[PDB]
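# before the rest arrives, take these chains from my complex:
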Amino acid sequence: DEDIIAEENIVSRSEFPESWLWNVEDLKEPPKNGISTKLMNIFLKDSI
Amino acid sequence: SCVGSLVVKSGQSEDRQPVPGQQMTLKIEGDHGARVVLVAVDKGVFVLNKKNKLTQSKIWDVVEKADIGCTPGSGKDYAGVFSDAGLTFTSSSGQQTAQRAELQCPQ
Amino acid sequence: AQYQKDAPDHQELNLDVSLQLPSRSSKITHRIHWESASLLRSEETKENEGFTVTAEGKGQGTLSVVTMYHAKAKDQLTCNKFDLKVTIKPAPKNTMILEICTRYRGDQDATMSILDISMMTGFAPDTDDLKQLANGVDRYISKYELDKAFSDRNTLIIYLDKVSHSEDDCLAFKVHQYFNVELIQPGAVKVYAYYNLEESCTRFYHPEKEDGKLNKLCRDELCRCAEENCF
């Protein structure tokens, strides 16, 4: 009606994988205490 | 346990819970020069089947269930303690261990 | 000792099978060896033609051709082990009566079953009638579903203790129209046992539209939705 968001400006979810993040990572960072550490920035799916 | 070490904790400063379609940091603490293969699975999947999951416990399980030794210790004689443990003692005096033909342990 | 060396374990296994389809320009050549034997080697064809096969070489193999399609077997009418009959009638806002008859197709009085009901958009069950059915024998309705008021009870689940395979265990209740609006959506009723979800029967009810179906121009097997204006 007068308020709320337009039923057109609504970007619906769609990506609902049962599995993902099937990638590989190598730990070449500066080793401290024999414990290398990487910080991955991944994107979560639309699934709840 | 693991010969080395591999941990996977959250990079976020605790805070609250993530939101569908958000960036989150993933901290990985492992050994140097090690390759880390990842995989994310919806827990809704294990609801239908939680079998055949690869676990470190299952790895050692295979390793231990392959020892050349059978008896938990000791034997019927000197040449038996070796064979039962997984060793072959042989000398020039004549004392040698029993012959082993079968690959897997008896029975 | 010489015989123990010149003694084969098996016979020659080297088949050169080639299948030529009329819908295809080139042949499909395969070679089966002793080591690679017992290997499933399939070639699919979305087209139904009469193809020929040519085998050559020393050995022996197995050929098998199976086509998979959708048969017009039906027949069913796969309402399964239930016969659900739903009817919506007026009353003596626009209160109506929803009679739901049900029977079981078997030799046993079906065990505990479920009644998933979806109201017509703008209709809600009469709380009074629900209490009467809730207290009734072999009938139970979660307390959570009772105290909801006309706020939002558009979906009701009436659990059952049993349903005779002989006659129809018919029941009913009133449904008042708390909200008025043109073009209302037909309701539905679904029954099934607590162990098997697949085997079930669902019916639709609507004041005007017969058997709760939507207008759609059909022909042979091609239908188009006819739920719009006239011209």
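Structure's in. What do you need? Numbering: from 1, shown residues only, chains lettered A, B, ... in the order given.
# quick one: the strands in chain B?
Using DSSP state E, the strands of chain B run over residues B:7-10, B:23-30, B:35-37, B:40-41.
# hey, C-alpha coordinates of the second one in PDB?
Output of strand B:23-30 as PDB, limited to C-alpha atoms (Å, rounded to 0.1, in the frame of the first residue of the first chain):
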ATOM      1  CA  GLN B  23      31.200 -11.900   4.700                       C
ATOM      2  CA  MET B  24      32.800 -13.700   7.600                       C
ATOM      3  CA  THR B  25      36.500 -14.300   8.400                       C
ATOM      4  CA  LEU B  26      37.700 -17.900   8.900                       C
ATOM      5  CA  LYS B  27      40.800 -18.300  11.000                       C
ATOM      6  CA  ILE B  28      42.900 -21.400  10.300                       C
ATOM      7  CA  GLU B  29      45.700 -22.600  12.600                       C
ATOM      8  CA  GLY B  30      47.700 -25.400  11.100                       C
END
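# out of everything not next to it in sequence, what's closest to the closest residue to chain A within chain C?
Chain A sits closest to residue C:181 of chain C, with a gap of 14.2 Å, by Cβ to the nearest Cβ. Every C-beta, even on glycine, is put in place using the N, C-alpha and C of the backbone. Using Cβ to Cβ, 6 or more residues apart in numbering or on different chains and skipping the chain neighbours, the partner closest in space to residue C:181 is residue C:122 (5.4 Å).
# got the contact list for that neighbour?
Residue C:122 sits next to C:177, C:178, C:179, C:180, C:181, C:184 when contact means Cβ atoms under 8 Å, 6 or more residues apart in numbering or on different chains.
# again, only this time at 6 Å
By Cβ atoms under 6 Å, 6 or more residues apart in numbering or on different chains, residue C:122 lies in contact with C:177, C:179, C:181, C:184.
# kindly report the same for residue B:38.
Contacts of residue B:38 by Cβ under 6 Å, 6+ apart are A:21, A:23.
# what's the answer for residue C:82, then?
Applying Cβ under 6 Å, 6+ apart, we find residue C:82 in contact with C:191, C:201.
# just the buried ones from the contacts of residue C:122?
Buried subset of the contacts of residue C:122 (neighbour count, 16 or more other Cβ atoms under 10 Å in any protein chain shown): C:177, C:184.
# which ones among the contacts of residue C:122 lie within helices?
Using DSSP state H to define helices, no part of these is located there.
# what is the nearest of the contacts of residue C:122 to residue B:5?
Among these, residue C:179 lies closest to residue B:5 (Cβ to Cβ), at 62.1 Å.
# from chain B, how far out is that closest one?
32 Å (Cβ to the nearest Cβ, to the nearest Å).
# now that residue. Nearest residue, chain neighbours left out?
residue C:122 is the one closest to residue C:179 (Cβ to Cβ, 6+ apart), at 4.3 Å.
# put this one in as chain D:
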Amino acid sequence: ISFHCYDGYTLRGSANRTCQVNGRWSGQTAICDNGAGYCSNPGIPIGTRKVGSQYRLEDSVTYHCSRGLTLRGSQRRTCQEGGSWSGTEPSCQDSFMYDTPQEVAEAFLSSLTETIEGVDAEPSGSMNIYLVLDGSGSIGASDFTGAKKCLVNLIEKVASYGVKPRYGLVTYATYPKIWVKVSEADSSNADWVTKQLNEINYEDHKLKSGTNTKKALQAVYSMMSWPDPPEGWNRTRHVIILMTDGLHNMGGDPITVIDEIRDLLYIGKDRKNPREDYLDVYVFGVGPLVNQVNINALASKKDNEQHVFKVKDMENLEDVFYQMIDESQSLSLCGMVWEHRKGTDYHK
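Placed with the earlier chains, chain D looks like this:
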């Protein structure tokens, strides 16, 4: 935005892509394939959705575009024998994407010249080019005269290859108007056809400014038809080029004619001999308002080739064609093999 493939999968196509000012993504479509099928993974062009994971022989896939977007190319592609998907790669178009004159001329010729290098095997005069110009009042004199000038330089561009095809000039509105017929003794005379292309005017169809494209393609049909089995029919390449806005309002669906034409040329009517290389259809959007859905339905869908074009400014195509005329570049002849009757080895 950048793309990455899971393990065991190889990435072909642009890894990083940038959203450009033309409302299109830079580089080529990213495709993550495992190369385990008779045909490779067709991929999923950005903006579309693919339905079909099986890439076996005879298998197929279907593409759908988001709401508000128009699909250009093929909506369904079938894996054909010899490892090659049918039709052409899809692409989700919007209502402002257009095409730069260079892009058009570059792709239109890279698809035309090839189907000419082969025509050299070898008046005359073994390829037909039907120029169907739309003179409807819905195009305006501005986008019409610019369409002729573009054709003029195109005829010269073709002529620079030293090839003399048979031309057919037709402008259409409420009714079709034939200026040049391929059966004419002067159809192969490039200069002849050009003089006509100059005499025609936008005022020719002002009294009856209809948009009956159907009859226009029917004019072309009667040109390639026979009174009932010419000796040289299964050896002639037909090329239809028409400028229009795709807004037809008389005659109905023009596509029906295209099908009839294909039946006449015995195309797609033989599993072993498609004969697709014997008919190309190019459609240029010209009018102010152009229906990309209809002009895409007429244009051909050939793998790795583009037959649908929406000219931005137009007129610039003319100036691009003129700039692209180079007598120094030779006409290729490598890897040529045609089904000659005798077909003695060394002919194959």
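# same as before for the contacts of residue C:122, with chain D this time.
Contact partners of residue C:122, counting by Cβ under 6 Å, 6+ apart, are C:177, C:179, C:181, C:184.
# export these to a markdown table and append columns for distance to residue C:84.
A markdown table is the format used below for these (distance: Cβ to Cβ, whole Å):
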| residue | distance to residue C:84 |
| --- | --- |
| C:177 | 24 |
| C:179 | 27 |
| C:181 | 27 |
| C:184 | 21 |
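# out of those, who's nearest residue C:3?
When these are compared for distance to residue C:3 (Cβ to Cβ), residue C:184 wins out at 90.7 Å.
# you'd agree the closest one is up against residue C:121?
Yes. Counting by Cβ atoms under 6 Å, residue C:184 touches residue C:121, with 5.1 Å between them.
# does residue D:103 count as helix, strand or coil?
Assigned by DSSP: H, G, I helix; E, B strand; the rest coil, the conformation of residue D:103 is helix.
# look up how far chain C lies from it.
From residue D:103 to chain C the distance is 36 Å (Cβ to the nearest Cβ).
# if I pick that residue, what's in contact with it?
Applying Cβ under 6 Å, 6+ apart, no residues contact residue D:103.
# distance of it from residue B:80?
If you measure residue D:103 against residue B:80 using Cβ to Cβ, to the nearest Å, the figure is 86 Å.
# then residue D:69?
Residue D:69 is 81 Å from residue B:80, by Cβ to Cβ.
# between these two, who's got more neighbours?
residue D:69 (17 against 14; other Cβ atoms under 10 Å in any protein chain shown).
# do you know how far the nearest residue to the more buried one once chain neighbours are set aside is from residue D:19?
When the adjacent residues along the chain are set aside, residue D:69 lies closest to residue D:92, with 4.5 Å between them (Cβ to Cβ, 6+ apart). Distance, residue D:92 to residue D:19, by Cβ to Cβ: 14 Å.
# mind checking which of the two has more residues around it?
More neighbours surround residue D:92 than the other of residue D:92 and residue D:19, with 21 against 11 (other Cβ under 10 Å).
# am I right that the more buried one is in contact with residue D:49?
No. Look at residue D:92 against residue D:49 with Cβ under 6 Å: they stay out of range, at 9.4 Å.
# pick out the residue closest to the middle of chain C.
residue C:198 (6.4 Å; Cα atoms, centre = their mean).
# how far away is it from residue C:83?
Separation of residue C:198 from residue C:83 (Cβ to Cβ) stands at 17 Å.
# contact partners for residue B:48?
With Cβ under 6 Å, 6+ apart, residue B:48 has no contacts at all.
# what's it sitting at in phi/psi?
phi -100, psi -30 (degrees, to the nearest 10).
# so the residue nearest the centre of chain A bridges to which residues?
Nearest to the geometric centre of chain A sits residue A:43, at 1.4 Å (Cα atoms, centre = their mean). In this structure, residue A:43 bridges to residue B:23 when assessed by DSSP bridges.
# go ahead and add chain E:
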Amino acid sequence: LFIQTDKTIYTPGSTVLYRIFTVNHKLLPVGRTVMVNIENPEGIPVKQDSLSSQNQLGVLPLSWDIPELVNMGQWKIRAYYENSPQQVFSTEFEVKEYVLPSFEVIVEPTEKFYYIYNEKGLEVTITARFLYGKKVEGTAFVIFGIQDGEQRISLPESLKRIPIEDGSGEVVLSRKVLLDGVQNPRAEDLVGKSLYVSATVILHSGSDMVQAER
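Okay, here's chain E dropped in alongside the others:
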């Protein structure tokens, strides 16, 4: 050789992502040639390849495309070193038509066993919560049975319908129904046998239905 698969169950049409780990008799990476087969539920190879972990760091990323018209059942991925055809490693994965539930169901009895002369009976807890942690509101259908050998004997008398409030429920199996389930006067003959629980939670919306078992 260790074989890892992303999921544990796949639907016809999806792709199986698996990896082979090639280690020696000390659990260290090594470059070796590995044979890989894929047996259908009936134990018949449908695909076989010859890979090598050489220059790959003891990790073989792989995949298998599941046909739309495939055979349901427990598929199997078998593998072995080329220099040891006898020593074969394998991992199973289920192929079936399904849909992921919205919540999980757990059935933990008060004890990890049962004392025969225990008059109290067998008390079982019914915990059901959504995949995102929240607690489930619905009804539950729990039943019991006895298993002795590769053969089960259901107990129709032990059927219960407990409510699930605040994502929790409680059901008890009276010792009376247990002994009455069989018919053997003796109760010591049940010693050695085992019981199994079959729960079924259903939301009040009737949108989802999950089945569990212990």
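# take the contacts of residue C:122 again, chain E included.
Here residue C:122 is in contact with C:177, C:179, C:181, C:184 (criterion: Cβ under 6 Å, 6+ apart).
# wait, which of those residues is closest to chain D?
residue C:181 (26.3 Å).
# what segments of chain B are helices?
For chain B, applying DSSP H gives helices covering B:43-46, B:56-64, B:78-85.
# related to what we said a few turns ago, now the residue nearest to the centre of chain C: how far from chain D?
From residue C:198 to chain D the distance is 26 Å (Cβ to the nearest Cβ).
# tell me which element that residue falls in.
Using DSSP states H and E, residue C:198 is not contained in any helix or strand.
# same question, residue A:37
Residue A:37 belongs to strand A:36-43, assigned by DSSP H and E.
# before we move on, what about residue C:68?
Applying DSSP H and E, one finds residue C:68 in no helix or strand.
# how near is it to residue C:42?
12 Å.
# with adjacent residues omitted, what lies nearest to residue D:87?
residue D:74 (2.9 Å).
# what's the separation between that neighbour and residue D:48?
11 Å.
# so which bits of whichever helix in chain C runs longest are buried?
Longest helix in chain C, counting residues (DSSP H): helix C:127-135. For helix C:127-135, the neighbour count (16+ other Cβ under 10 Å) marks C:127, C:129, C:130, C:134 as buried.
# for stretch D:265-283, same thing?
Within stretch D:265-283, judged by 16+ other Cβ under 10 Å, the buried ones are D:265, D:267, D:278, D:279, D:280, D:281, D:282, D:283.
# which one of those residues is nearest chain A?
Nearest to chain A among those, with distances taken as Cβ to the nearest Cβ, is residue D:283, at 31.0 Å.
# my read is that the closest one contacts residue D:299, right?
Yes. Using Cβ under 6 Å, residue D:283 is in contact with residue D:299, at 4.2 Å.
# tell me the residues that contact both of those two, please.
Overlap of the contact sets of residue D:283 and residue D:299 (by Cβ under 6 Å, 6+ apart) consists of residue D:308.
# end-to-end on stretch C:46-61?
One end of stretch C:46-61 sits 25 Å from the other (Cα to Cα, to the nearest Å).
# quick one: that stretch near chain E?
No. Judged by Cβ under 6 Å from any Cβ of the partner chain, stretch C:46-61 stays clear of chain E, getting no closer than 11.0 Å.
# just the buried residues of that stretch, please?
residue C:59.
# what's next to that stretch, contact-wise?
C:12-23, C:32, D:58.
# repeat that with 7 Å
Residues from elsewhere that reach stretch C:46-61 (Cβ atoms under 7 Å, 6 or more residues apart in numbering or on different chains): C:11-23, C:32, C:63, C:67, D:58.
# also stretch D:14-22?
Stretch D:14-22 is contacted by residues D:1, D:2, D:3, D:25, D:26, D:27, D:28, D:30, D:97 when judged by Cβ under 7 Å, 6+ apart.
# right, I'll call it a day here.
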